[PDB]
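Report on the structure given below.
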Amino acid sequence: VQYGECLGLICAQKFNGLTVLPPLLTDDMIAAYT
Amino acid sequence: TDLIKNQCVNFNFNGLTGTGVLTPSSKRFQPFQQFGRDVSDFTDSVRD
Ligand SMILES: *[C@@H]1O[C@H](CO)[C@@H](O[C@@H]2O[C@H](CO)[C@@H](O[C@@H]3O[C@H](CO)[C@@H](O)[C@H](O)[C@@H]3O)[C@H](O)[C@H]2NC(C)=O)[C@H](O)[C@H]1NC(C)=O
């Protein structure tokens, strides 16, 4: 398998004032649990 | 006037006004285009 975001580390924002907050548990941490 | 690049500044380009941070780009504008837009209805870039 728009909005402000940030990856890595580089960030970007949009004039619409919308974003998405990160999870506490990253994919790696989940993989560790499983 | 002159302008400051890579800084939050108030702009008033002939026919275009607003605020933001102006940075150089490589968008393949056509000879008959002045400015472009994002997927949303907001100005994305302008030709000086
Ligand atoms: C926030 O912005 C600053 C700069 O405005 C970013 O810091 C800069 O990050 C690069 C990459 O880690 C640092 O190294 C540079 O790499 C290029 C690669 O060719 C090289 O040509 C440069 O001479 C330099 O080595 C750069 O030094 C660094 N600048 C400073 C002042 O530390 C920072 O990453 C940005 N952070 C986010 C979250 O956007």
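Line order of the protein sequences matches chains A and B. The authors' numbering puts the first sequence at residues 808, 818 to 824, 831 to 856. Residues in the second sequence are numbered from 517 upward in steps of one, following the authors' numbering. Just so it is clear, CB atoms sit at the ideal spot from N, CA and C, and this is done for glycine as well.
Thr535(B) is positioned such that its CB atom lies no closer than 9 Å to that of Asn522(B). At least one CB of chain A lies nearer than 9 Å to the CB of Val555(B). Within the segment 519 to 539 of chain B, contact with chain A at the beta-carbon level (separation under 7 Å) is assigned to no residue. The count of Cβ pairs closer than 8 Å, one atom from the segment 540 to 552 of chain B and one from the segment 832 to 852 of chain A, stays below three, leaving the stretches out of contact. Between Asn838(A) and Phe558(B), the CB-CB gap stays under 9 Å. Of the residues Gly531(B), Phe529(B), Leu538(B), the one whose Cα lies closest to the Cα of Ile520(B) is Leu538(B). Taking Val808(A) as the centre and dropping the five residues before and after it, the same chain places no C-beta closer than 6 Å to its C-beta. Using beta-carbon distances, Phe551(B) does not count as an interface residue toward chain A, since no partner is under 9 Å.
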